[PDB]
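Report on the following structure.
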Amino acid sequence: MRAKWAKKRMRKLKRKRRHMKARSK
Amino acid sequence: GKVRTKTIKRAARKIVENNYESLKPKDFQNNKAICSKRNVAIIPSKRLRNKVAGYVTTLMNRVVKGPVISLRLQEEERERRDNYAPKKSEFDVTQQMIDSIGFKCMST
Amino acid sequence: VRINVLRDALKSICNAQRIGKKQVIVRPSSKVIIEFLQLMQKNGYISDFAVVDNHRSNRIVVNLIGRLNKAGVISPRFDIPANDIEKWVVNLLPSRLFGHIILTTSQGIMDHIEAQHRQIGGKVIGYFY
Amino acid sequence: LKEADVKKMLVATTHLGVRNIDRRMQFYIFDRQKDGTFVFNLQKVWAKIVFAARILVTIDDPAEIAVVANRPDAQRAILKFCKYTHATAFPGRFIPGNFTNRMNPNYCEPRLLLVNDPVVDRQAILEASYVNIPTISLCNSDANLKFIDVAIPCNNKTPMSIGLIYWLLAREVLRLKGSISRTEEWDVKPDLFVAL
Amino acid sequence: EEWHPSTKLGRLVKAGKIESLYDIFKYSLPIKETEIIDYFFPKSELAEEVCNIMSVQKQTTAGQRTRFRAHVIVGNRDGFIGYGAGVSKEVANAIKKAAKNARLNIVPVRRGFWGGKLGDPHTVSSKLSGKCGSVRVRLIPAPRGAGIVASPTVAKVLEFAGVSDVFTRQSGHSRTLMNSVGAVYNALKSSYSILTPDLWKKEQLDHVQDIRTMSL
Amino acid sequence: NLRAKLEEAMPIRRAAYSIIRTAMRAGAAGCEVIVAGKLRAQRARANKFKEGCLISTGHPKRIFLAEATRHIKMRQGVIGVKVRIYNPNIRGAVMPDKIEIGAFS
Amino acid sequence: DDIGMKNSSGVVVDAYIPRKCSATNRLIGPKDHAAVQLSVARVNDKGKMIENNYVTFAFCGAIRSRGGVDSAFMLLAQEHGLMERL
Amino acid sequence: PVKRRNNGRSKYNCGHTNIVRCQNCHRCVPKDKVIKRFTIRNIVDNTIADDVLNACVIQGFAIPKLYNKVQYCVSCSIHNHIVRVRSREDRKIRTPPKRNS
RNA sequence: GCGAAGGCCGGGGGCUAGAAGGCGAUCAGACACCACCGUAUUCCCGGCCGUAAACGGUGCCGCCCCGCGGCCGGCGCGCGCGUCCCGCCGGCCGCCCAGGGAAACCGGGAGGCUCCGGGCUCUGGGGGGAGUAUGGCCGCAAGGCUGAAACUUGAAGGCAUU
């Protein structure tokens, strides 16, 4: 399910991006 | 694999229809002479003639055994039935449906 | 819910005429409906009409001769200046010479030509061609 | 209202029909038997045969009228009608394209059509639409009237009804003309119309 | 070669029982032989139109097979227009087949008048709608000064129909001209079927002048 | 005649059809023409024009079919005209397949 | 009443005047091949003999496809007198 | 597009339906989609049934017949040839092939 | 306010199945499918979440609407009379004539609509970028809801035919 797997990669990047934002908050 | 082709079958069927009288049921050899007759058909080559006559033998045996190419020799009987009128007519000779119309057949 | 009773009526009238059925029945009787039918009788589009009373809405049976092409309503009733009954005929009627557009006017429910003679205009009730 | 015919029709079973009834044919049926068979009113059948005969008489060339029937039971009868009358015949299979293919071996342009069974003779009815042929149909109680000008309601299945109906039509067309006088009996016998 | 009637109508047509093409379209006659359209307008024949020669391909084991398809707008400026389509291996066979089809389906145009009446019908009688494929064309009556303002292709159909003035409105894939010309033709074909208030007096139906009852 | 007509710039379609007509006027049962080569394209194209029924194989064709090949030489280069004509009615030989039945007696 | 459209001077035009289908009073088109014409003869007092005058009607294919003609025929003829009105 | 108007499921006025299992796949399929055959067959092989019956000391003991229902998933059935891929016209027929055994 | 499943957070309970995790074959690799074992979970109770190919991929109320069949409930008519026959009303369905559509197909509508207007809400406007960035809110989280642009590109798509 490439659409499903693509939204899982987006969700992973969005988790890492929000976490990195928090380190520099 | 000896399946008589339409070319052999079409010619053979016409020959029985044209001259059912000339042909005989168990005789390929008589049929070959009738088929080879200059008047009956012009078959170029020996093989086609030999085969067409073989097909007439089977077809002739079949059209003598039963009406299996129309047979005028048998059409008269069919025509006799076509003109046949039973002398006593079976059908010339729900109950209240006639009473309903107004004229009562089998009144009462 | 049932809002424009005329639309119901005319749709059943056009549909019944399409299959040819000689008589069509309209469930609610209205002054505006009867007047559209009277205009249709005046131009001969409907053969005859009668209203059976139920002490309620009142029911209408319309005798159709078989000569009606289409009859429609315009919602909402748009106010038409006497100047604009020119433009409305062009987009809502088949040809300038034939076909009828009916507008409610203070003088009464009248055809486009009659209100063009009086040089007055009202709100469109609907159109019968 | 021929009393002599109705007794014969009662034996022939033209009064009876299939249990399914179409809305179009509802008018003709008087009622049903408890078992669900449907009783066509017999006088409607008479006022139908005569009505078809009046239409059929208008065709000045007799063979312009074309009869079709794939139903083996009625095959003798359509031919017998054609011999006693002078209509043309299309018996057995329809050889599709007869009406609209000009080079069809049997290509005809009839002015009238006689379809024995609306369902059994389905192709002919559609083709008659393409070439402006109005069509008369012998029909049952469950008969769709698609592309049928006039329909005669008979048992349209039993051999005795199917043959008798054609006999009634043939006698009626001739009686309207000359041939057999309106009052005297026909020399042709109803029985020879029915196939066995 | 000459002419031998393969059609009962054709036999009557050469026999001269029927005069004019209109009477055949009155009695709703199916027309199968092009010889009846040519014989009705023999002198100078009539104008035809080459439109949309096309090259359709049907794939087979070796590959696509190219067959040329052409559409023809046969018409003369009297109110008779026929559009027909023929597909054949060569362009020459296709144009001839389509021309034969276009002549076969010649249909009567009501033509008609705008508000002004003088004596020359110049426009379609009423707004006319036809849909072929995805395109719907609307043929609206126009004033005599205004000409045929339309797509270059449907303009010709309305000219080869003697309709000097028309208001056109085409919606859909008009670029698919084969469908576009069909919609104009379909609108024109059913112009007599639309009933105007003038056709409201019942008359005739006597059988005597019918071309179907006519036996030569 | 075809090689001359083609070399004289007569159009390919008409020219093959003129020959096709001559066999039909003569009554020959089937004529075909397969001009092939750089026919109006950088690549080679083959234009086969044919009218009527033509047998293709068997011993009969050797003694019942007429074949002729010419090489035309237009400005483009070599083109290959071909004509095949089949007549069942030629000299005193019958196509072997057709049995001839004509009368009741 | 001159059926047909007329120019201001007069001169009814409309060369093809279509036959109005009898049941629906709807004009029959040029290519209405399904549309048909049926004539029913007139019968004399003397043994229902044909008098050679027949009422005829035009019937559109659309009514025929529905099947409405079999009942329309009876109604039209009944009023004409042709059929036994009953 | 819609290959089947029933969408592959005899589900009408339901919203959700019970779940069942492919006998071999052990897949989970909605009850409506499941092939569902009912098979009644002899407990012993029919070839050996006569000899077993004669050997059966009991007078008039009929051989017991097993009664079971076999349900398979679409994928499972196509491989096991319980149902066959059919032409677009043949799909519309809903009657058992060659006339429950 | 309600909302499948999975998830969560406090309490239970715990067979089975079983994401993770471990193994055993396979294969070039297999760490995937197939076997074996097995935690979270599944089950309950109180909360949270707020999503599904949540689909019938078809908003809701209103009218007209062509016949033919089945099924469920209520009622009525008639007769041998039976859970019969025929309707009516509300559903659940199949097949379709018209009509419609680019078709597949809808036809109790996707009809009555280029001859376009019953009422009322929601959404869409070539393909990506991107459901991303950022801002708001909501959530315990997971995330939900809202939501770009710069820029890139001449195609993306539907249904049918071979």
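Simple scheme: letters A, B, ... for chains in structure tokens order, numbers from 1 for residues in each chain, numbers from 1 for ligands in the order shown.
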
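For chain I, the residues no farther than 12 Å from chain D when using only C-alpha atoms (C1' of nucleotides) are residues 66, 67, 68, 69, 79, 80, 84, 85, 86, 97 and 98 of chain I.
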
Dump of C-alpha atoms (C1' of nucleotides) for the selected residues, as a PDB file, in the first residue's frame:
```pdb
ATOM      1  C1'   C I  66     -43.231   1.381 -17.282  1.00  0.00           C
ATOM      2  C1'   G I  67     -43.956  -2.619 -16.895  1.00  0.00           C
ATOM      3  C1'   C I  68     -42.327  -7.295 -14.782  1.00  0.00           C
ATOM      4  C1'   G I  69     -40.839 -10.420 -10.912  1.00  0.00           C
ATOM      5  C1'   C I  79     -64.260 -17.022  -2.093  1.00  0.00           C
ATOM      6  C1'   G I  80     -63.472 -23.208  -0.318  1.00  0.00           C
ATOM      7  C1'   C I  84     -55.567 -19.324  -1.073  1.00  0.00           C
ATOM      8  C1'   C I  85     -56.750 -15.093  -4.427  1.00  0.00           C
ATOM      9  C1'   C I  86     -56.424  -9.966  -5.237  1.00  0.00           C
ATOM     10  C1'   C I  97     -39.131   0.054 -21.743  1.00  0.00           C
ATOM     11  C1'   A I  98     -38.664   5.219 -22.261  1.00  0.00           C
TER      12        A I  98
END
```

Pick out the residues sitting within 7 Å of segment 45-54 of chain C, and hand them over as an mmCIF file with N, CA and C atoms, in the first residue's frame; count only C-alpha atoms (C1' of nucleotides), and ignore anything fewer than 6 positions along from it in its own chain.
```
data_model
loop_
_atom_site.group_PDB
_atom_site.id
_atom_site.type_symbol
_atom_site.label_atom_id
_atom_site.label_comp_id
_atom_site.auth_asym_id
_atom_site.auth_seq_id
_atom_site.Cartn_x
_atom_site.Cartn_y
_atom_site.Cartn_z
ATOM 1 N N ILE C 60 -57.036 18.693 -9.322
ATOM 2 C CA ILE C 60 -57.320 19.212 -10.689
ATOM 3 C C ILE C 60 -57.110 18.102 -11.713
ATOM 4 N N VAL C 61 -58.085 17.861 -12.589
ATOM 5 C CA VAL C 61 -57.907 16.877 -13.695
ATOM 6 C C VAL C 61 -57.810 17.683 -14.992
ATOM 7 N N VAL C 62 -56.724 17.519 -15.754
ATOM 8 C CA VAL C 62 -56.519 18.333 -16.988
ATOM 9 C C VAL C 62 -56.679 17.440 -18.216
ATOM 10 N N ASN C 63 -57.576 17.794 -19.132
ATOM 11 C CA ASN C 63 -57.732 17.034 -20.399
ATOM 12 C C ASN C 63 -56.696 17.573 -21.393
ATOM 13 N N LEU C 64 -55.786 16.724 -21.875
ATOM 14 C CA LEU C 64 -54.718 17.208 -22.777
ATOM 15 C C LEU C 64 -55.043 16.789 -24.203
ATOM 16 N N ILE C 65 -54.935 17.733 -25.135
ATOM 17 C CA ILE C 65 -55.266 17.436 -26.551
ATOM 18 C C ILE C 65 -54.045 16.748 -27.168
ATOM 19 N N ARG C 67 -51.007 18.744 -27.761
ATOM 20 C CA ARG C 67 -50.313 19.797 -28.542
ATOM 21 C C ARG C 67 -49.303 20.564 -27.685
ATOM 22 N N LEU C 68 -48.974 20.068 -26.496
ATOM 23 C CA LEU C 68 -48.066 20.884 -25.653
ATOM 24 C C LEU C 68 -46.613 20.425 -25.816
#
```

* Pull out every residue of chain D that has at least one atom within 9 Å of chain G, counting only C-alpha atoms, and report them as a ChimeraX atom specification. => /D:24,47-48,50-59,112,128-134,144-151,175-178,181-183

Would you put the residues from that selection into a file with N, CA and C atoms, as a short mmCIF file (atom, residue, chain, number, x, y, z; two decimals), in the first residue's frame?
```cif
data_model
loop_
_atom_site.label_atom_id
_atom_site.label_comp_id
_atom_site.auth_asym_id
_atom_site.auth_seq_id
_atom_site.Cartn_x
_atom_site.Cartn_y
_atom_site.Cartn_z
N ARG D 24 -51.61 -4.15 -20.29
CA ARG D 24 -52.23 -3.78 -21.58
C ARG D 24 -53.37 -4.74 -21.93
N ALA D 47 -64.67 -9.48 -31.77
CA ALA D 47 -64.66 -8.06 -32.17
C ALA D 47 -63.21 -7.68 -32.41
N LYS D 48 -62.31 -8.64 -32.21
CA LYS D 48 -60.89 -8.37 -32.55
C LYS D 48 -60.65 -8.98 -33.93
N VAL D 50 -62.68 -9.62 -36.31
CA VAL D 50 -63.37 -8.81 -37.36
C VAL D 50 -62.62 -7.49 -37.55
N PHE D 51 -62.12 -6.91 -36.46
CA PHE D 51 -61.41 -5.62 -36.56
C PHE D 51 -60.15 -5.83 -37.40
N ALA D 52 -59.42 -6.91 -37.15
CA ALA D 52 -58.18 -7.19 -37.92
C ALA D 52 -58.57 -7.43 -39.37
N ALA D 53 -59.68 -8.13 -39.60
CA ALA D 53 -60.13 -8.47 -40.97
C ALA D 53 -60.43 -7.19 -41.75
N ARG D 54 -61.05 -6.22 -41.09
CA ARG D 54 -61.35 -4.93 -41.75
C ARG D 54 -60.03 -4.27 -42.17
N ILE D 55 -59.04 -4.27 -41.29
CA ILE D 55 -57.70 -3.71 -41.63
C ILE D 55 -57.09 -4.54 -42.76
N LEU D 56 -57.17 -5.87 -42.66
CA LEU D 56 -56.52 -6.77 -43.65
C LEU D 56 -57.14 -6.57 -45.03
N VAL D 57 -58.45 -6.34 -45.10
CA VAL D 57 -59.15 -6.20 -46.41
C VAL D 57 -58.56 -5.01 -47.17
N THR D 58 -58.11 -3.97 -46.46
CA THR D 58 -57.61 -2.76 -47.15
C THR D 58 -56.42 -3.10 -48.05
N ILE D 59 -55.72 -4.20 -47.78
CA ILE D 59 -54.50 -4.46 -48.59
C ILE D 59 -54.95 -5.05 -49.92
N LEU D 112 -48.10 -5.16 -44.65
CA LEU D 112 -48.76 -5.60 -43.39
C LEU D 112 -48.10 -6.89 -42.89
N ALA D 128 -39.70 -4.85 -38.52
CA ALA D 128 -40.84 -4.17 -39.17
C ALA D 128 -40.77 -2.69 -38.81
N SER D 129 -40.10 -2.37 -37.71
CA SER D 129 -39.99 -0.96 -37.27
C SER D 129 -39.11 -0.22 -38.26
N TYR D 130 -38.02 -0.85 -38.68
CA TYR D 130 -37.06 -0.16 -39.57
C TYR D 130 -37.69 0.15 -40.93
N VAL D 131 -38.66 -0.65 -41.39
CA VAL D 131 -39.20 -0.45 -42.77
C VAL D 131 -40.69 -0.11 -42.76
N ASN D 132 -41.19 0.58 -41.74
CA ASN D 132 -42.60 1.05 -41.74
C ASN D 132 -43.61 -0.06 -42.02
N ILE D 133 -43.49 -1.23 -41.41
CA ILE D 133 -44.55 -2.25 -41.64
C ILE D 133 -45.44 -2.31 -40.39
N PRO D 134 -46.73 -1.88 -40.43
CA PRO D 134 -47.62 -2.04 -39.27
C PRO D 134 -47.83 -3.54 -39.07
N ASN D 144 -46.48 -8.64 -24.39
CA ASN D 144 -45.99 -7.24 -24.47
C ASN D 144 -46.47 -6.70 -25.81
N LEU D 145 -46.87 -5.44 -25.87
CA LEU D 145 -47.46 -4.90 -27.12
C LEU D 145 -46.41 -4.07 -27.87
N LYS D 146 -45.13 -4.27 -27.56
CA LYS D 146 -44.08 -3.44 -28.20
C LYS D 146 -44.11 -3.64 -29.71
N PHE D 147 -44.22 -2.55 -30.48
CA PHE D 147 -44.24 -2.59 -31.97
C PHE D 147 -45.37 -3.48 -32.50
N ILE D 148 -46.54 -3.48 -31.85
CA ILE D 148 -47.73 -4.23 -32.36
C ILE D 148 -48.85 -3.20 -32.52
N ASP D 149 -49.35 -3.01 -33.75
CA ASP D 149 -50.49 -2.08 -34.01
C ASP D 149 -51.73 -2.65 -33.33
N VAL D 150 -52.10 -3.86 -33.74
CA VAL D 150 -53.35 -4.51 -33.25
C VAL D 150 -52.94 -5.90 -32.76
N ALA D 151 -53.55 -6.42 -31.69
CA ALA D 151 -53.28 -7.81 -31.27
C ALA D 151 -54.57 -8.58 -30.99
N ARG D 175 -65.22 -13.47 -46.26
CA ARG D 175 -66.64 -13.10 -46.05
C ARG D 175 -66.85 -11.60 -46.25
N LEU D 176 -65.91 -10.78 -45.78
CA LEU D 176 -66.00 -9.31 -45.99
C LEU D 176 -65.95 -9.03 -47.48
N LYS D 177 -65.03 -9.68 -48.20
CA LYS D 177 -64.99 -9.59 -49.68
C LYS D 177 -66.15 -10.39 -50.29
N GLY D 178 -65.82 -11.30 -51.20
CA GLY D 178 -66.82 -12.20 -51.78
C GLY D 178 -66.56 -13.61 -51.32
N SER D 181 -70.01 -16.59 -49.02
CA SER D 181 -71.06 -15.61 -48.64
C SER D 181 -71.08 -15.41 -47.13
N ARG D 182 -71.54 -14.25 -46.67
CA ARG D 182 -71.54 -13.94 -45.21
C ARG D 182 -72.41 -14.95 -44.47
N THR D 183 -73.50 -15.40 -45.08
CA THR D 183 -74.46 -16.28 -44.36
C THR D 183 -74.09 -17.77 -44.50
#
```

* Restrict the distance test to only C-alpha atoms (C1' of nucleotides), flag each residue of chain I within 8 Å of chain H, and return the flagged residues as a PyMOL selection string. => chain I and resi 92-93+104+159

Restricted to N, CA, C and O atoms (P, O5', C5', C4', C3', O3' and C1' of nucleotides), what would the selected residues look like written as a PDB file, in the first residue's frame?
```pdb
ATOM      1  P     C I  92     -35.444   0.758   1.763  1.00  0.00           P
ATOM      2  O5'   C I  92     -34.848  -0.706   1.593  1.00  0.00           O
ATOM      3  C5'   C I  92     -34.513  -1.487   2.747  1.00  0.00           C
ATOM      4  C4'   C I  92     -34.344  -2.933   2.364  1.00  0.00           C
ATOM      5  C3'   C I  92     -33.754  -3.185   0.990  1.00  0.00           C
ATOM      6  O3'   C I  92     -32.348  -2.943   0.890  1.00  0.00           O
ATOM      7  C1'   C I  92     -35.590  -4.621   1.322  1.00  0.00           C
ATOM      8  P     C I  93     -31.686  -2.357  -0.476  1.00  0.00           P
ATOM      9  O5'   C I  93     -31.506  -3.659  -1.370  1.00  0.00           O
ATOM     10  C5'   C I  93     -31.957  -3.664  -2.733  1.00  0.00           C
ATOM     11  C4'   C I  93     -32.305  -5.067  -3.157  1.00  0.00           C
ATOM     12  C3'   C I  93     -32.392  -5.287  -4.655  1.00  0.00           C
ATOM     13  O3'   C I  93     -31.121  -5.503  -5.242  1.00  0.00           O
ATOM     14  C1'   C I  93     -34.302  -6.205  -3.639  1.00  0.00           C
ATOM     15  P     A I 104     -21.660   1.234 -22.317  1.00  0.00           P
ATOM     16  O5'   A I 104     -21.018   0.810 -20.922  1.00  0.00           O
ATOM     17  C5'   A I 104     -19.804   0.041 -20.875  1.00  0.00           C
ATOM     18  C4'   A I 104     -19.274  -0.040 -19.464  1.00  0.00           C
ATOM     19  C3'   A I 104     -20.273  -0.475 -18.400  1.00  0.00           C
ATOM     20  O3'   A I 104     -20.350  -1.897 -18.304  1.00  0.00           O
ATOM     21  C1'   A I 104     -19.155   1.460 -17.663  1.00  0.00           C
ATOM     22  P     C I 159     -12.698   3.738 -14.801  1.00  0.00           P
ATOM     23  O5'   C I 159     -13.697   3.058 -15.831  1.00  0.00           O
ATOM     24  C5'   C I 159     -15.064   3.474 -15.893  1.00  0.00           C
ATOM     25  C4'   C I 159     -15.477   3.629 -17.331  1.00  0.00           C
ATOM     26  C3'   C I 159     -15.034   2.529 -18.275  1.00  0.00           C
ATOM     27  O3'   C I 159     -15.822   1.350 -18.204  1.00  0.00           O
ATOM     28  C1'   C I 159     -14.737   4.636 -19.306  1.00  0.00           C
TER      29        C I 159
END
```

* Asked: Could you name the residues that touch residue 26 of chain E at 9 Å or less, counting only C-alpha atoms (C1' of nucleotides), but leaving out those on the same chain fewer than 3 positions away, as an MDAnalysis selection string?
  -> (chainID E and resid 21:23 29 210) or (chainID G and resid 16:19 28:30)

* Structure fact -> Pairwise distance, atom CA of residue 187 of chain E with atom CA of residue 129 of chain E, equals 5.0 Å

* **Residue contacts of residue 107 of chain D (10 Å, only C-alpha atoms (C1' of nucleotides)) excluding same-chain residues fewer than 4 positions away, as a PyMOL selection string** => (chain D and resi 95+97-103) or (chain E and resi 6-7)

* To do: Do a neighbour search on segment 105-117 of chain E at 9 Å with only C-alpha atoms (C1' of nucleotides), toss out local chain neighbours closer than 6 positions, and write the hits as a PyMOL selection string.
  => (chain C and resi 95-98) or (chain E and resi 22+25+31-32+37+74-75+78-84+123-126+141-144+161-163+185+188-192) or (chain G and resi 5-9+13-16+30-31)

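Relative to atom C1' of residue 102 of chain I, atom CA of residue 169 of chain E is found at 19.8 Å.
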